[PDB]
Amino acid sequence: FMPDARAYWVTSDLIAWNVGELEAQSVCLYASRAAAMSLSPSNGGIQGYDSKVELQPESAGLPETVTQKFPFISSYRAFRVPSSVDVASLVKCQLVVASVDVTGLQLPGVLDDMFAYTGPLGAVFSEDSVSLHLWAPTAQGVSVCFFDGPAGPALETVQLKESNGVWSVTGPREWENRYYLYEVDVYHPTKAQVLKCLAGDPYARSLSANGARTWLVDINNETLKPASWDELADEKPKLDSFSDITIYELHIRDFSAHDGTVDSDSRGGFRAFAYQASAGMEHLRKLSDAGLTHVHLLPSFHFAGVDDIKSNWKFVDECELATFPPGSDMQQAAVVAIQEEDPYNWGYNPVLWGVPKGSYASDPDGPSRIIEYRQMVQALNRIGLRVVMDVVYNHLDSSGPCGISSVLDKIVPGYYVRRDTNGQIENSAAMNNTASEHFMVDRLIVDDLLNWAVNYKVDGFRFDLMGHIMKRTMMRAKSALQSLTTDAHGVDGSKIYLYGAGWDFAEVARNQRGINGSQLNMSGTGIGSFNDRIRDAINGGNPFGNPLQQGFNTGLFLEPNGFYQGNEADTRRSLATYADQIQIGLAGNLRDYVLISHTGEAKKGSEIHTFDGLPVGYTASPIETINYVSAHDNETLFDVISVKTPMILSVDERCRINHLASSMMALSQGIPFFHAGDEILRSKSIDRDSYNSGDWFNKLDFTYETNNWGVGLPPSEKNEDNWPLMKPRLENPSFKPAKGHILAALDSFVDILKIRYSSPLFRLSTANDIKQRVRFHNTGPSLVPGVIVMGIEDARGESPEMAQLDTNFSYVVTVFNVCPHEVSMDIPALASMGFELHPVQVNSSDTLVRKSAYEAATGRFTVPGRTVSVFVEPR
C-alpha cells in the first residue's frame, strides 16, 4: 500500500480534493496509527483502518484564506471534517481519503492552522537548566539521545513531552556541551510506514563532523567570542547609505587554497582571513581602500558535498597536471576522478542553515567553527569590508527518513519541502524545494537570518533563488533584521542589506504558490535583485544559448566573430537594442526612467522589453538593482570575452574589453557587483559550471603570475558539448595573459572604484534624482554604434533647481567606447563648459586613457578605442 497524495488537509475542518460532483457524495477519511491500511481484495473499500468518517461536501467551496495561501488548489472541491474528529490524533497517522479512488493527504495547511508556534525552539539555557524544544506535530514520539563526545556511545535517552505540537524536555545545566540527536517516530509518506528517525536539531548552532550529532552549545558563552567581539559594532566600516554599496563575490576555499603566504594548516577555511599580511588579505585591503564595501561569501553554513573529516580528502598531483597540454582533457579526468572526495564544493546543498560549515574550521568537533567564523567577520570588518552571506533557503540537499544529510524532512515529513499536486517533492531548485509559504518554514528562515545577524554580526544577505521564496517571507525578514539595534542586540540592523536572485520559473511562476520573490514582485521593496538584462546585453546572448552570440562589449556588428547573426543592418540594430537595455541598467534599471530608444521613440524602462515581453527596467529605486556582468555561475568575465570576441584579437585588446565591462558596472547607478577575479583576469579555462571542478579549475592566484587560462579542457559533464570551441582557444598561446596584464587589470580596476567613490553623482539615492540628473547623449537611429555617453548633472549657477550633492564637481560625463578606434562625440548641449579629464585618469598607469580630451567650442569628447573616459567639471 503506497498511495500518492492528491488531497489536502487545509484547515482543521476542511479537506480539498479535485473530484467530480457525483464522486463527492461518497468521500470518507480513514486513519491508521500503525500505518496498517490496504485496499480490500475486490477493491470496493479500504481495509485495516482504526477509524473511518464520512466527509460531507462543503457546497461553498474553499474559503478566501485557503485560496490565498494555496492558489494552485483554489478550484478544488471542499469537504467538511466533522467536529467529532480528533485532528491532533489523526495527523500522527497514516491517512487516506477514498471514494475506486484512493489517495493520501497533504497536511501543511492543517498543521499551520492548528500548530503554528511562536514560542522557543531549539536549546534554551538558564542559570540552572537547559531545555530542548522541537516542533513535530505529526510525530508519535520524540526522545533525545545524549552522547559524551562526538564519537562515543549513547549515554542516556530522555523522553520529550508534547504540548501544542511542540516536544520539550528540561534538564540540568550539566547538559551543556553534550552531543545529541532526536529519536523521532513519525509516519513517512515515501515509505508508507511509521519510522524511527535519528535527526539533528533544525535550530542547531553547532555540530560534530558532518552534522552527525548536534553540539548542545550555549552560543552566548564568553569563550566563543574573539577578543573585543562585543565592541565590533563600533569598529564596523561606516555605511551612510545602501547607495554606497559595492559587492565582491568570493568563495572561502578559492580565497586561500593556493595562497602560499598562509600557513599550510590554515589554507582553505575561515582561519585564512585572520592572516592580515597574507597576499589574499592584502589584495582585499587594496580593493577596500579603493572603495569596495562588501564581500559576499559563497555558502558557509552546514552543506553537503564536502567531508568535514580532512583525513578523507583527496588531491590531484598538481605537478603532473601542470605538464599536460593546455587543451588536453587529462586534467579534468584527474579532477573528476576525485571530485566527490576532494575539499571542494560551492556549497549550494543545504543541510542545517544555522551552523558554520565544519570543513572550513580547523577542527569540526567543538567550538572552532564558531570562533573562527567570528574571527573571519571581525578580520574583514577591520580591513574596511562588510560581510554578506549567500543564503540558500530555497531547497534542501536531501529528504526522507534516512541519511546523515536529511534533517528537516526526517522530523516533519512533507512539510518543509514543497510538493506537486500528486504529493511528489518539487525539484526545480536542484532538488527538495522548500515551502517558505508554510508558517514554520517561514519562521525558520527568519530565525536563521537573525541568528547570523546577531550571533555572527553578519552585515547582509544574498538570497539564492529568491523567486522560490515567498515575498511575505522576504519582507518579514527585512523588517525583523533592520529593526535590530546595538543597544538590544549588539548590531545596527538599519545597515543590514538584502538582495537576491529573483528568477521566476517552474512551479512558482505566475504567483501559483503565492506572491513569490521574483524580480517584478520585489519592485518597490528596497530589496536588491540581479539585473540579468544588463549582463546579457554587455556580454551577448545568454548563458544557455549559443556561446558565440555577441553583445555590446564582445563585438556585435563592430567586430563580427564569424558566427552568423544576421545581415549588417540586423546586427547594427541588435547592437543598438542592447545599448538601450544597458543604458536603462546604467540609470538604475528603473521602471519609469525615460530613454530616447534606438528608434528615436522615447520609452520608459518598463516599455523596453526582453524577449519574453517583460520589462527591462523593473525597479522603483536604484538600491533594488544589482548590476553585474559576471558571478560564480557560468563563464568568468575573462572567459566569456575570450569566447565571444574575434579569435584574432590580441590578449592586450581583450584586457581592455574586460576593463570596459567592469567599469560599466563600477560607474552605474544602483549597486555594482563584481565576481572575485574580474579585477585580475580570472579564468576557469572556460568552465561553464565550476561548482565541483576542484581547486584546479577555480584557482585564485594572488601572486598574479597566472590567471588559470589554459589548464586543460574543463570537466566533461557540464562542458563537453562546447569543447570544440574551447580547445583551439585554450591551446593558443596568444590568449593567455602574463603577470603584466594581470597587474594592469588590477590597477585600472582600483582606479575605476576610486572614480565611483570620488563623486556622489555616481551613487544617486532615489529614482527622482536619477530621472532629474542622468542623461544619455548618443541615442536614436543615427547613434554612433559602439558608444554610450552618460551625463550626470549637479547643482550649478545661482539658485539652481536641485540640491548640490558634490562639493568638487558640478557635472560628470562618462563615455564608454567599445569601438576598436578613437571616437569623437559632439554634444553641443555640453559645449562651453569646464570639462577636464578626471584626475585619476590624468594620472593613470594606462597611457591610452590619458589621451582623452574635451573641446569647449563644440562640446566634443575625444575618446580612444576600447576605453572608458570620465570627464568632470570642477567647482
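Residue indices: 1-based, along the sequence shown.
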Per the record, the count of deposited residues between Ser99 and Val100 that have no coordinates is 4 to 9
Entry B factor averaged over C-alpha atoms, 332-340 against 379-387: higher for 332-340
Going by the entry, of stretches 852-860 and 12-20 the one with greater average Cα B-factor is 12-20
The residue of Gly797, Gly358, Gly305, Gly493 with the maximal C-alpha B-factor according to the PDB record is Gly797
Note to self: of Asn43, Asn817, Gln841, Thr814, the C-alpha temperature factor tops out at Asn43
Binned into thirds over the chain's modelled residues, the C-alpha B-factor of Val870 lands in the lowest
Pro120: CA temperature factor from the record, placed by chain third, in the middle
On the chain's distribution of Cα B-factors, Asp487 falls within the third called highest
By the entry's values, the third containing the CA B factor of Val169 is the middle
Entry-reported C-alpha B-factor of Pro226 relative to its chain, by third, is highest
